[PDB]
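All remarks here apply to the structure that follows.
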Amino acid sequence: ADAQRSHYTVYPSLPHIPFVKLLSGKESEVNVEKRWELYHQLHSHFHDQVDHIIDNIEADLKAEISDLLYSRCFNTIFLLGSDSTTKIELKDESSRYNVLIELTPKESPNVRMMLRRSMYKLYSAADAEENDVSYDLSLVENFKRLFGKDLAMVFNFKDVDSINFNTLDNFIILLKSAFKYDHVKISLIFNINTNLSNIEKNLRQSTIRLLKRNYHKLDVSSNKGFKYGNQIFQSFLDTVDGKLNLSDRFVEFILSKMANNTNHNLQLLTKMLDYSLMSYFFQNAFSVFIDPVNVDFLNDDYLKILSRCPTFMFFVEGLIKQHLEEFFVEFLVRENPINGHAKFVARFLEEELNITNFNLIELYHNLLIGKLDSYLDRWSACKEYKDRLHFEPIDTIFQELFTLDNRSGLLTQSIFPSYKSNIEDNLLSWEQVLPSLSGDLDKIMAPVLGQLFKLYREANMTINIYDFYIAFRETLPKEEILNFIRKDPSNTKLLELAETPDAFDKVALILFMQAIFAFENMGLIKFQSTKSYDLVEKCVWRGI
Amino acid sequence: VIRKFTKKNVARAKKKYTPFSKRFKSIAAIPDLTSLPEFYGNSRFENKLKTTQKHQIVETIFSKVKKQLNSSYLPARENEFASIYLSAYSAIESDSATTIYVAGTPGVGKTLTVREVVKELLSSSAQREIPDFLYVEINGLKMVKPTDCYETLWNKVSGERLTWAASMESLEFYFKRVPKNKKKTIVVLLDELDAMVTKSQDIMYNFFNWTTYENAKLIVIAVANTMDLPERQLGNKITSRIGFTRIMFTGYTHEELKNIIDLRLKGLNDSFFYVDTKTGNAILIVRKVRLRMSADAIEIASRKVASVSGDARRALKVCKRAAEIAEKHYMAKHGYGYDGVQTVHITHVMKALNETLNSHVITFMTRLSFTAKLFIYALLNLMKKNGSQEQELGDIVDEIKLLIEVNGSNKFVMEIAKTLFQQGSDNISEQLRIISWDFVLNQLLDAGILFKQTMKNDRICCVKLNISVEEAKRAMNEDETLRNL
Amino acid sequence: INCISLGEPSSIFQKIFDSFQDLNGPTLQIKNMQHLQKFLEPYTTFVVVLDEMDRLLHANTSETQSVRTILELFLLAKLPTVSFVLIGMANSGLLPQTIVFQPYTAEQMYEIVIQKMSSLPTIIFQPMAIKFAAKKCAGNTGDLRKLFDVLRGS
DNA sequence: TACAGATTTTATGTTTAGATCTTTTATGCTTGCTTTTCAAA
DNA sequence: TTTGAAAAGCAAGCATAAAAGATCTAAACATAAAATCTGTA
Ligand SMILES: Nc1ncnc2c1ncn2[C@@H]1O[C@H](COP(=O)(O)OP(=O)(O)OP(=O)(O)O)[C@@H](O)[C@H]1O
Ligand SMILES: [Mg+2]
């Protein structure tokens with residue numbers, strides 16, 4: 001059986017678009033094709049700019065590393081927030097070999113392995129750039145005699161917050177011994193994600209005094225001045241402009257979710273924006289009308305669900321209190337210049353005022369909610385432009401079919417679910433997951449996991465499993481269990497076990513042991529003793 | 001191409017890899033292997049240890065006794081000899097395959113008896129009453145690798161040199177598939193059988209399973225040190241194949257040991273030599289000097305050796321040591337050099353038996369310095385006080401300091417205290433350890449008197465006596481200062 | 001094939017090939033049971049008798065790689081459109097058919113001894129002596145080898 | 001036939017990942033005596 | 001407004017779970033000389 005293997009390959013026996021028909025199965029297939037294509041132009045237009053921004057991030061970071069590296073002690077560079085993925089490159093400078101040696105905590109079990117891997121990388125690079133040797137520091141001593149050139153070593157310590165600090169300290173003390181050779185210069189790069197003082201108090205003070213002779217600091221992290229986030233979101237604003245507008249609650253959802261992630265908040269922002277765009281082009285049938293040439297494709301269903309807008313509600317209530325298709329197709333030309341205004345106040349903000357430590361997503365949120373003035377009343381340098389930069393948003397009509405909003409709770413179920421809360425809620429309120437359609441037994445008795453969880457939730461530190469099984473029995477009804485267990489005359493073993501006077505307790509024990517080891521696999525319950533199996537401890541509590 | 005490491009001292013032998021199953025294309029293609037020029041045994045180093053003798057060495061009156069009592073030169077083993085010889089002769093004459101298990105303590109004549117059996121069997125084969133056979137000797141303690149026996153035996157059979165695995169399938173093919181008429185009988189002595197025991201036990205199974213093959217014509221004579229070896233270390237298959245019959249070589253009685261020593265001392269005891277009084281050289285038939293070694297001395301040595309081990313090596317060595325003590329006294333008395341009655345008396349035999357019994361440990365502890373004795377006294381005091389067999393070194397330091405500072409009124413302590421804590425010197429401050437503390441600690445560790453655990457904190461590190469406590473007590477109260485306090 | 005006298009358990013397929021392919025033809029190198037499975041397609045029933053297959057487990061490793069050879073041999077003797085049977089002797093629904101050889105009794109030992117000695121013209125044994133030896137060799141796990149050693153020593 | 005070169009066999013060294021067992025220390029239940037905060041007079 | 005009394009707290013005892021590590025061993029990774037194969041000349 002394939003169920004008892006570890007891994008197996010299946011080739012299924014085969015005998016084109018994942019988008020479905022909307023408007024209760026009345027959407028035409030050409031609208032499905034247009035939705036697929038138009039989603040792909042919006043997605044490609046977003047990710048082209050995302051790719052250029054990402055290559056700009058690596059290019060500028062490589063430029064500043066090369067600047068900080070080349071302008072009798074180590075040249076030390078502390079890279080804060082590194083989350084190391086950079087491919088550092090060095091100069092092709094004559095009469096001196098420049099070798100980059102990268103070391104990880106997996107490659108660092110002791111000092112001897114660090115030195116051996118470093119000298120093997122050094123000899124491999126020096127042979128590839130242009131008899132066997134010992135992989136120790138004497139290769140650094142005789143480097144000019146074997147290759148005729150000076151040596152510039154740059155050590156890239158990847159993930160210093162994972163390396164053993166005694167081993168790293170002793171390796172740095174070992175590398176200090178190469179300072180008596182005139183042909184050697186050494187650079188050290190420490191990739192830090194916690195703090196400088198954290199590594200400062202895990203190293204001895206003599207090593208700290210050694211590193212203090214020539215050291216520089218540089219911030220690497222993606223939230224450095226927000227300018228790499230502010231590009232990407234603006235790229236989304238360069239993609240969706242004139243087509244859809246962002247909701248304020250969706251933008252503050254972006255703000256809260258990016259505030260919860262340290263090292264990688266750019267890709268989380270891209271993932272949330274992509275999933276919102278996927279949800280829009282999968283759910284709304286009006287996304288064909290984003291292209292302005294589909295305005296002849298209106299039907300009765302489109303106008304029937306078009307009239308159910310709060311903006312159209314307020315508009316027709318105002319026009320009734322005062323005194324459809326042509327009204328709809330002419331009002332699709334306005335540009336909604338909030339994105340252009342946001343880009344204008346951004347380029348005004350670092351054009352001459354030299355204010356660069358702002359979040360454009362915060363600015364766009366406060367511009368959406370109408371509280372922009374409270375946002376730029378913080379810097380105390382832009383007091384003279386409270387009317388130059390003032391904007392009032394205009395609530396347009398039927399824009400709620402053309403929008404990206406977070407109110408259905410789909411983003412917080414698909415991207416950031418309350419995982420364990422969902423598990424315990426489906427355990428406890430099971431009628432919610434299971435349909436309410438063994439006809440006489442399914443109405444009366446719960447599934448065994450849900451009933452066992454409801455008895456589990458109302459218990460103490462230690463649950464005695466025999467008394468807990470008795471509490472599980474008293475919830476079950478004996479009569480319809482004995483009736484339903486006799487409802488299959490093909491299996492005679494079940495009938496003769498039902499005829500036994502201890503049938504009900506036995507069947508309840510079958511269900512109880514199966515459900516207990518289901519909870520033990522899921523992690524809800526724990527046997528504290530390896531033997532005996534007479535008591536259990538609860539592990540998890542609902543609503544934490 | 002750059003290597004991650006180098007092996008610059010690899011020495012590989014010229015051993016082929018193709019086994020004997022692929023030499024010929026068929027079973028019928030194999031010739032009679034007894035006619036092949038390389039099969040069945042068909043030294044260059046003996047001249048390397050030759051020199052030119054330009055002196056004349058002196059062999060004295062006891063020189064012939066000491067040379068003759070060596071192990072290089074079969075009275076008491078005649079039932080074991082008859083059993084091994086009759087089983088092996090029946091196995092040779094019927095063209096059978098047979099295991100003979102022989103076990104015993106060291107020096108009871110196992111290897112000697114099996115070698116005498118195979119010499120009489122080869123002499124019997126030379127008279128054309130049993131078919132000719134090849135004798136192979138494999139000693140498990142003379143192998144570097146246990147699998148080298150596979151290398152050895154096949155090299156004795158074919159004359160080829162293969163690696164051990166290919167030799168193993170070569171031996172399997174030879175013993176099972178080749179018919180009897182194309183083969184020769186092989187008698188293998190496996191000596192030190194326990195040395196050929198591995199975790200897989202494949203060598204044991206193979207060597208005893210080839211004796212269960214119909215075509216093999218293999219006689220394996222296995223020599224063990226215990227009789228319960230196949231039950232203790234080997235599986236039930238190998239124990240079943242070895243068999244129920246097992247020949248035990250008991251330790252020699254003192255009659256048998258006396259017969260062995262008298263057999264080596266026939267022609268020399270109660271004999272006359274011509275002895276030069278100018279140099280000392282003696283010739284078996286200038287003075288006519290009679291040589292005796294007394295039978296009471298031999299019987300005392302034989303009884304002692306028979307009760308302790310029953311070992312012929314020890315009986316011969318005790319007699320040779322007694323003769324060497326007598327010959328040393330003889331050369332001291334007559335002033336002879338290394339160019340009417342002389343007797344190996346019973347006193348030399350008692351000296352030879354007592355020189356391995358005299359307990360130098362107490363003498364060594366008696367002839368130590370005062371600091372080492374003070375250390376041992378302090379350790380014994382701590383074992384008396386807190387009743388523990390392991391004492392921390394800081395406790396020993398503190399109780400040495402207490403022993404100095406309490407019995408100060410002893411005149412020896414007033415003489416020694418400045419030496420112990422300042423090395424007899426002003427401008428040397430008072431020391432936390434005594435002078436030569438680490439020296440006497442390492443010295444007692446070198447002798448095996450002490451055991452020290454491996455800790456880096458010198459105060460909480462434990463020290464235990466490896467020697468018995470009573471001999472340390474008698475060595476300590478032999479000392480006049482330490483027994484006074 | 002006696003499994004203990006092989007250097008490794010991984011080469012036994014090769015030795016099966018070395019038991020079956022003629023020396024005049026080409027000698028392919030068999031790495032695993034896939035190559036032998038390819039070799040046995042154009043054929044004539046192939047019978048192997050593996051003695052001490054129990055030594056086809058590996059003393060190192062764990063559960064998984066210890067059975068690595070016997071399971072691949074069992075799959076090769078169970079797949080369709082080959083003629084490869086597998087008799088395995090070891091010491092004490094694709095599962096192999098199990099036969100348990102039993103330890104002999106005294107009367108079975110007596111009948112084996114009389115049948116083996118029936119070729120001899122004169123029996124040098126009194127039959128009561130053979131019965132006494134057989135009944136002392138008929139313990140909880142009594143083998144015929146012990147009876148042979150006892151009689152030969154007699 | 002043979003031979004230069006490629007591949008295999010046998011043999012060993014290097015480094016990492018994990019198992020097992022031992023010793024010493026945290027921990028968790030039991031039992032007896034002391035405080036103390038909230039359900040009734 | 002008191003009262004008291006069951007819930008909470010503290011410490012000694014002691015069996016036991018567990019952390020730390022000493023010792024080792026398998027498995028991946030690595031190299032290498034001699035033998036064997038192999039595709040042509
Ligand atoms: N019966 C004997 N007669 C004469 N000399 C004997 C006799 N038995 C032993 N020896 C002497 O003792 C020596 C050692 O005996 P041998 O090598 O046979 O011992 P062993 O029992 O095989 O011991 P080990 O177990 O140490 O190998 C012999 O070489 C010989 O000098
Ligand atoms: Mg011997």
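All heavy atoms count here, side chains included; hydrogens, waters and symmetry mates do not. Here is how names work: the chains are called A, B, and so on, in the same order as the sequence lines, proteins then strands, and each is numbered from 1.
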Has the side chain of C:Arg55 got a donor or acceptor atom that lies under 3.5 Å from a matching backbone atom of B:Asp202?
no
Which part of the nucleic acid, if any, lies within reach of B:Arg161 when heavy atoms closer than 4.0 Å are counted: base, sugar-phosphate only, or nothing?
nothing
Please give, in whole Å, the distance from E:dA35 P to B:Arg23 CZ?
13 Å
I'd like to know if the side chain of B:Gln453 and the backbone of B:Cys462 have a donor-acceptor N/O pair within less than 3.5 Å.
yes
Heavy atoms under 4.0 Å, any strand shown: does A:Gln528 hit a base, just sugar-phosphate, or nothing?
nothing
Please figure out whether C:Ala59 or A:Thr530 has its closest DNA chain E nucleotide nearer the 5' end.
A:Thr530
Does the gap between the ring centers of B:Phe5 and A:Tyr135 come in under 6.0 Å?
no
To the nearest Å, give me how far apart CD (B:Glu160) and P (E:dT36) are.
10 Å
Interatomic distance where NZ belongs to B:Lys8 and P belongs to D:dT12 [whole Å]:
19 Å
Rounding to a whole Å, what distance do you find between A:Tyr135:OH and D:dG13:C1'?
15 Å
Rounded interatomic separation in angstrom, taking NZ from B:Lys199 and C1' from E:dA26
14 Å
Do the rings of A:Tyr456 and A:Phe453 sit parallel, tilted or perpendicular, given the 30° and 60° boundaries?
tilted
Just to be sure I understand the rule, does B:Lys16 reach a base, reach only the sugar-phosphate, or reach nothing, if contact means heavy atoms closer than 4.0 Å?
sugar-phosphate
Let me spell it out: for each of A:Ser529 and C:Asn60, pick the nucleotide of DNA chain E with the closest heavy atom. Which residue's pick is nearer the 5' end?
A:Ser529
Assuming nearest nucleotide by heavy-atom distance, tell me which of B:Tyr17 and A:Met461 is located more 5' along DNA chain D.
B:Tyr17
If you check the B:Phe5 side chain, which of E:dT36, E:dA32, E:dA30 turns out closest?
E:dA30
Looking at the side chain of B:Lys145, which of E:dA34, E:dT31, D:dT12 is the nearest nucleotide?
D:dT12
Decide whether a cation-pi geometry holds between B:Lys237 and B:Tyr205; the criteria are a distance under 6.0 Å from NZ or CZ to the six-membered ring centre and an angle within 45° of the ring axis.
yes
Between B:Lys4 (NZ) and E:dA32 (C1'), how many Å, whole number?
16 Å
Among E:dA34, D:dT15, D:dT8, which is the nearest nucleotide to the side chain of A:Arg117?
D:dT15
Whole angstroms only, please: what is the NE2-P distance between C:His58 and E:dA27?
10 Å
Look at B:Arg12 and D:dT9 and indicate whether a side-chain polar atom (N or O) is within less than 4.0 Å of OP1 or OP2.
no
By the definition side-chain hydrogen bond (donor to acceptor under 3.5 Å, both in side chains), identify the one residue from A:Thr86, A:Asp161, A:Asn156 that meets it with A:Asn191.
A:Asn156
A:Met113 has its side chain closest, among D:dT10, D:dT15, D:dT9, to D:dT15
Any side-chain N or O of B:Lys7 below 4.0 angstrom from OP1/OP2 of E:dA32?
no
Could you please name the option among E:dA27, D:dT16, E:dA33 that lies closest to any side-chain atom of C:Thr61?
E:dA27
Does B:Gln453 place a side-chain N or O at less than 4.0 Å from the phosphate oxygens OP1/OP2 of D:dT23?
no
Is there a side-chain polar atom (N or O) of B:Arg3 under 4.0 Å from OP1 or OP2 of E:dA32?
yes
Looking for any heavy atom pair under 4.0 Å, which part of the strands does A:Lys106 touch: base, sugar-phosphate only, or nothing?
sugar-phosphate
Looking at the side chain of A:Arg116, which of D:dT15, E:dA27, E:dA34 is the nearest nucleotide?
D:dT15
Given atom CE of B:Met455 and atom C1' of E:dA20, what is their separation to the nearest angstrom?
12 Å
